[PDB]
Amino acid sequence: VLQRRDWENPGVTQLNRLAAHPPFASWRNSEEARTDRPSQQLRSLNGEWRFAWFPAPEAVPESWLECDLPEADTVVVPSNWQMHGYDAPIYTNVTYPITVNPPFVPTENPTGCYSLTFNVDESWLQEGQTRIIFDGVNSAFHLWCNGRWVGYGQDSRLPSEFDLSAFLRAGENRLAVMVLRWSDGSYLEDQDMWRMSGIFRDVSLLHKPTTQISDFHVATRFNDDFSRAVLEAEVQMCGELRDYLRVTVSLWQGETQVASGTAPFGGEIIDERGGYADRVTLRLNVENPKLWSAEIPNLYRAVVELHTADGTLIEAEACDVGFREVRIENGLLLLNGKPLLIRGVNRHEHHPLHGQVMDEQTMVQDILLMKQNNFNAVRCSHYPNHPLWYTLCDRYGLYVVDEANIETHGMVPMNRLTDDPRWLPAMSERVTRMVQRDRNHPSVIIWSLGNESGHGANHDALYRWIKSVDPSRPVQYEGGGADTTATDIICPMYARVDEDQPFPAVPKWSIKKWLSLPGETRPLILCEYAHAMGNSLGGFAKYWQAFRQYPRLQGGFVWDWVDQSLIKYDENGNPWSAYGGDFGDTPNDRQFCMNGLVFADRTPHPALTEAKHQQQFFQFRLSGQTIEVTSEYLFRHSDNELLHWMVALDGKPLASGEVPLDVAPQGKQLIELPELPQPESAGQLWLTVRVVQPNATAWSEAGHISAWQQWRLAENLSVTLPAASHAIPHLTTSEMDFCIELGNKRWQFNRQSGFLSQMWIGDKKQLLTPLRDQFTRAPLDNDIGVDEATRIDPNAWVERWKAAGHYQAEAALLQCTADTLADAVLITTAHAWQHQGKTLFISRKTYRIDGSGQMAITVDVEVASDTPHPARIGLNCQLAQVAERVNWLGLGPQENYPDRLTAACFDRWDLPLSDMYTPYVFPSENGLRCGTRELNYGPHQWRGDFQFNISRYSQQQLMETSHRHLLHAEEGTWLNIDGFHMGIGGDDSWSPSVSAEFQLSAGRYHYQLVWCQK
Amino acid sequence: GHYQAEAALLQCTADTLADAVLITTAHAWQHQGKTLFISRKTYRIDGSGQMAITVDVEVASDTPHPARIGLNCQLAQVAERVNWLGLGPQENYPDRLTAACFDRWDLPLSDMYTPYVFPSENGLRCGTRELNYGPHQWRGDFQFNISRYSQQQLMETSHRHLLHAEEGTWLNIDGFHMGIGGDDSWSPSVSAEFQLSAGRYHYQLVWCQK
Ligand SMILES: CC(C)S[C@@H]1O[C@H](CO)[C@H](O)[C@H](O)[C@H]1O
Ligand SMILES: [Mg+2]
Ligand SMILES: [Mg+2]
Ligand code: NA
Ligand code: NA
Ligand code: NA
């Protein structure tokens, strides 16, 4: 064992490991099997185990096999030992966490010694077979039972199983598991995620009779219109063949048996040597079957009884059966005859506390959120999941892409292993043992060959293996250019909608162009798109406009579901979110582990609502009085949906109402609105419709909003002049300052800087920092890309801004004059922002303070055409006032940006100040709200047509601080008011991704604001 | 009512600045009680004899997007040459300007008119920073056409040969101009990005004699 070094041999991926197979419970009562109640023959060995850590496997003492070590501790299993503090988790993306020297791993290979003293019931050893199942061990392990070696296993994401029947004694028993952190297996586990290890999934003991169901496959085929099905169940036995032996496969819907078949063993003749005498295929006819889909996850129950002809049950197995067809026809992925539109998301198995250990609660939590936010599909990025995941997806209704635990991203070139026949054995085990495990789950609709491992001949062989073994499911794979011969689906990652990215060998064509390349017929579903890293998902709507226009663009899987942040603690025992490099870990890829639509604790990022809106299942058109509602549901009718409409003038409700939605799948409903009441005052009428689900479901609460849309109706422009003012403001001129006085209000303009330096209400200052122009933002993740202090990327927006000096450019005053008028004082200014002799921006302003006490600020900016386009064109100032609430008439309520505002609605919004800050773990520009016409904060009111954000953090603190928890609330409130703001992008987070139409490139910019106290 | 919309004055004040005079105005174009467009303007005339016109326009969102947001007038002058710094030499519109080049152009006044057999808007040149005609110079960032033919005469005349040179020179200077379309000629074919849909529009001119 010490001598062999099997963890450094891709030829040895297991020793004495049993065959893979679908979930077994070995029920000895049919009814228990039918109802899926716990099985006395399936014991869990989860809980308190004994664990010790070692620098290498050589440093594991001989005594540990026979005796528990005193140094060892009592830990909970399943667990990742990094999460218990024993060593550091490593976050790396591409570059391997170990030296690239296949198949060799580091001599210093962290070794986790697990042990358990447990009882085996006598009954279990008198008859039948007792096996141990390790659902997840990262990354390789040797197993001993009662001091005797049992076997070895690799592949972190599939169960390893061993027969312990001859190793177990009655009474107390002891398992010894030596878990290696790195193995030849590691070379195929280079996923972009936290690198951890240990026994991290369930450990259990299964008892099976000596004569047993060893394997079983369920299949369902249909007639042309799905009105008749045939369930086909292949069952294989182990043990002695006997004439009295039978299998009954019976199909239940609730408590009704709908079909049943019983046959002896011995299948049809297969070749010249006969057939499988140890197998039987059962064929059941089902009339008018209830079809399975994510829309309506109709399940049947299938119970497979192994028994004597005379009626003695030997054992029962079972699975949920979902009657559905998955085929690709004429270039379209069809489910039950209908073209799918995949509203998907990639989801790693991550928990901020427990690491890579999963639990029902978290999984259920994830499914509900996904379904509540209009997702219908998930990708198992990039390994087979905890077995409960599929059960839940079967039951709640989600399309799953099941992915082999193969990623060799770090290799050079990416297919160095996958094109090497010597790695085919290791690879095949990762594909084949997956298929054997999950093939009966209806929620799995697509098989994937892994992730980011180039395209090698090994992929082609495995592709064909699956197509041969399971015709029911298309096979996809992205490596080597996303459209190789190893994929039934064009599945690129981060291909853009309109923009070609013609990388050599592996181009990412615009998805619209990709479909029509000469000879191409396949459907396109993006395996990864819209990289939700930090403040992101800009341009998301553009994907969905395309998905809907093009039949063969059948959607994609967002990257990704949840931030991979871990929980650390400070001096005071206060929790904070940690990313790459926060564990002494190096080389690291810092915050690249947080691309989630939700935080590690499952709190939504702002972007989640944008996804929810774009992935709506009802589309709307307006034509005068008529709302046309179109259903994008393929199967269900809108039987738990009513339309809630509201007409509002500038946030003020006028008319409302409800209509029940009665829409057939893919059908249309015309809702005729009543004659609307005439709005008195001036303003813009907005119509808002919402789709509300009256009844609670398995996945949502009563009143859950599933879709919404807005339209501008009538606008009555204000023509009424404000009534003339008695008072006239007084200019108090100085060498250094222009003061303007009216009532208790006082305005000061510094004649050396050119900016409003101060305002007074009564005799209290309102500003801590003068009102100045701003052309920069605290850079987003998308602004940064793969840019770091040691490796400069000159093309990332932040570097373009930096090199051009946007951040360090000083305002030179060109002009600052004062004029008194009939009813107003007029301050005129001009500033030039220069860096090293170049003039980047000229800002020409006028400040018109009149008798009403309302300062009308007019701003016109020239931006030099050869300077990189600025992040924003606006003003900032630090206010002295700190209010509890922020109130505005604009897009909201949540954070929105120019290329991410479709989900925001125009209305009157009122939130606490803290909600106006988005706590991105890597702090940046955040909290912006667009199309705002009025902003209120304490005694202040601004009016116009602007974008804004308001917080206790400066753009300077946001860009100088690496983690959210290190931010300190500054004195007063920083306000950012922008006439214009650059898009956030996020088609990926490693190249500039902001589309041309969201870049501030017009050259000349104009916006006007009205500042008044109310 | 875009074609019979009457201008209704809302504000018209003057102020003497330190070194200039400022004329602030506000207009509403109305039809059947509906305000279509509001035009807010400042005219600033300083010692150099330069008239800086600042125009801010509101367009009601529920009115069809207008053909142009600009200014016009009939000049008494009739010159032989038109000289401009902008896209040219030929007629160009926002959705048909890729062939035009930015440069100093000098054409006879006739060339600034396109003789389409059925008369319409014509002769426009876009992205113009300076226009010279006789004594006059206009500066900013605008589009313009310049001819002996008013919009009114063009739209009322069926054939080009029935056209008569009016007295003086009709000038149209647009801050913004709607696309011309053409994907077909039997349904709206002007793309969204070339429709004047923003709701609020700003442009600025400088007028002076040279
Ligand atoms: C950084 C790119 C060169 S690779 C890029 O990294 C991303 C980071 O979240 C994801 O892991 C993507 O799958 C991968 O293509
Ligand atoms: Mg090995
Ligand atoms: Mg990768
Ligand atoms: Na489609
Ligand atoms: Na990542
Ligand atoms: Na930062």
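Quick note: numbers below take in every heavy atom, side chains included, and nothing from hydrogens, waters or symmetry partners. To find a chain, count down the sequence lines: A is the first, B the second, and so on, and within it residues start at 1.
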Euclidean distance, A:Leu721 CG relative to B:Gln11 CD, rounded to 0.5 Å: 5.5 Å

CA sep, side-chain torsions, deciding dist, call: B:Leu17, A:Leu826, side chain to side chain contact (heavy atoms under 4.5 Å, CB included): CA-CA 9 Å; B:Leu17 303 177; A:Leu826 178 71; 4.2 Å; yes

Heavy-atom pair of closest approach, residues B:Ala28 and A:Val719: CB-CG1, 4.1 Å

Neighbour count above 12 (heavy atom, 6.0 Å) for B:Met155 CE: yes

Pairs of heavy atoms under 4.5 Å with chain A: top-ranked of B:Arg200, B:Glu58, B:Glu193: B:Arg200

Side chain, backbone, both or neither of B:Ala60 within contact of chain A (heavy atoms, under 4.5 Å): both

Rounded distance (nearest 0.5 Å) linking atom OG1 of A:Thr828 with atom CZ of B:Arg44: 7.0 Å

Over 12 non-hydrogen atoms of neighbours within 6.0 angstrom of CD in A:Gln625: yes

More than 12 heavy atoms of other groups within 6.0 Å of A:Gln999 CD: yes

Side-chain ion pair, B:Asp62 and A:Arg712, N-O less than 4.0 Å: no

From CH2 (A:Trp711) to OG (B:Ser61), nearest 0.5 Å: 14.5 Å

Closest non-hydrogen atom pair between B:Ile38 and A:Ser718, with its separation: CD1-O, 3.3 Å

Per-residue contact mode, A:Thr817 against chain B (heavy atom under 4.5 angstrom): neither

Reported NZ-to-CG distance for the pair B:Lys34 and A:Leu717, which is rounded to 0.5 angstrom: 6.5 Å

Structural part of B:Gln204 lying under 4.5 Å from a heavy atom of chain A: side chain

Nearest-0.5 Å distance, CG of residue B:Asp56 to NE2 of residue A:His1006: 4.0 Å

